[PDB]
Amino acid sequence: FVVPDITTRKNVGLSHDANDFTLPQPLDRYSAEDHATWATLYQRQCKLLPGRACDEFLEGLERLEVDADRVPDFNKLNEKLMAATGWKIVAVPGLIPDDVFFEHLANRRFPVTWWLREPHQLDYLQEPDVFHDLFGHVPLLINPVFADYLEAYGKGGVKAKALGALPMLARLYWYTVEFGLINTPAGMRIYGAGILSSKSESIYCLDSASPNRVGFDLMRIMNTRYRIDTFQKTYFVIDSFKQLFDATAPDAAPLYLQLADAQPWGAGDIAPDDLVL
């Protein structure tokens, strides 16, 4: 009753660094179908994202020359990214160990799953793939403030691992980099990669009365559970990317220790002290 999963199937015949888990992007492995799936996904997202995605995201797609019609060549994209913020993307097989992921970010390397979902999975894939990782995550790396936030997040991995607090950082990442909203004078916009690559979450997170929208608060977020297989019950809202970066500056160690003893908020809870939008 067990068959190899998509990550295993896609990486047949390929290898990865046993410590940093990178490989050269295997350009030869992309089929015509892959390029067509990419183009379909790209087109679908670009139709639905105007007035929903933050303006910086859509600008980043353009400035980085993210291919509309084929899976991007990572090396070519890196020429633009490096000149902008000194970041680059690196190819990985799929999910990688946490300390490796943090080490990458700490060194301004963004790990991107190299392979793409199959066409029958157009609507949704549970695993990260190159569409979610590249299209969703990479365009904001052109923004120097957002890029510094990621670098600072990466550097915080060492302290968090030493204190048994990686899950608390994982929650911060989830509720910002993956599922964050940013308020603007024009209305609420989206910066989270998991929403930006989604067929439908883009609609729900802005239009539905169902989810909570709560002002960003570092300690609250680090004490908040999430689930991976459903639309978010709570979205955290920032005023600016500067708020994220500034949140990483003070000593996180006493926050971890105070939370180690604590009971976390459920994914759909509102805390007594929340600023509820």
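Numbering starts at 1 and runs along the sequence shown.
Legend: mean Cα B-factor per stretch from the PDB entry, 26 to 34 versus 218 to 226; the higher mean is in 26 to 34.
The PDB entry records a higher mean C-alpha B factor for 152 to 160 than for its counterpart among 152 to 160 and 175 to 183.
Per the deposited coordinates, the residue with the largest Cα temperature factor out of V112, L125, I195, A165 is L125. The PDB entry assigns the greatest CA B-factor among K76, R117, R108, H137 to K76. When the CA B factors of the chain's modelled residues are split into thirds, the value for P97 lands in the highest one. When the modelled residues of the chain are ordered by C-alpha B-factor, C54 sits in the lowest third. In this PDB entry, the Cα temperature factor of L48 sits in the middle third of its chain's modelled residues. Per the deposited record, the Cα B-factor of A252 falls in the highest third when ranked against the other modelled residues of its chain.
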